[PDB]
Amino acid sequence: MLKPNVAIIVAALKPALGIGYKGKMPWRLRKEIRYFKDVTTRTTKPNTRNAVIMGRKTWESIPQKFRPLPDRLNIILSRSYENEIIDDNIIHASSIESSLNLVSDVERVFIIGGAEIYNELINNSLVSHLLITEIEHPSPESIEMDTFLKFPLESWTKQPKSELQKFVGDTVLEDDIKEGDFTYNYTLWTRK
């Protein structure tokens, strides 16, 4: 596949855009996990699937029995990897672009994490869309976090919900979802 449009999908706590603590999300938002699954899995073209790209540490963090993520082509990046097709669901690669050369019959491509991948790939011009779940909490500071997004958002535009709706198709988008003390909303951003 040549120069596909890629999207980053991430969940971050405002205002600092904290994303994790010692390799894990500092929250358990059950509806947000469901949205992540639907968005990354759904396709509109017939014999296609979507691809998910992740860093080797994220891959390793998923319990062996739960990988690869079903119904999507999983791509794992490592600087030590050779560009190789493991099976029909798993690709190893050392760069995003090299990995995309090995795919066909893919509709959308999503970067799913983790912290290092996000922070490095936000600056690759293949990235055209950000799907950011903006999480809010009454006392952000009480949540322990060690990793943060370092995104240049001054170079990006938050679109209206109609545009997000158009992006996700059939997926139901509820507003101000509450789970425990967290409130969140789904957003779409594109480059200026």
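Rigid core (definition): largest C-alpha set, two forms, superposition within 1.5 Å. The first residue of the shown sequence is 1; numbering continues from there.
Root-mean-square C-alpha deviation from the shown form, taken over all structures in 8 other deposited structures of this protein superposed by the rigid core, is larger for 42-50 than for the alternative among 42-50 and 133-141.
Relative to the displayed structure, the C-alphas of 99-107 lie farther away on average in 8 other deposited structures of this protein than those of the other candidate, with 84-92 and 99-107 compared after rigid core superposition.
The deposited model assigns a higher average Cα B-factor to 41-49 than to the other stretch when 64-72 and 41-49 are compared.
Checked against the record, the higher mean CA B factor of 132-140 and 156-164 lies with 132-140. The residue among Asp105, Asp88, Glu97, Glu116 whose C-alpha atom has the highest B-factor in the PDB entry is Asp105. The top Cα temperature factor in the record, among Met54, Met145, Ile33, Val127, falls on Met145. Per the deposited record, the Cα B-factor of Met1 falls in the highest third when ranked against the other modelled residues of its chain. The PDB entry assigns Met25 a C-alpha temperature factor belonging to the highest third of its chain's modelled residues. Residue-level temperature factors show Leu173 in the highest third of its chain, judged at the C-alpha atom.
The PDB entry assigns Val10 a C-alpha temperature factor belonging to the lowest third of its chain's modelled residues.
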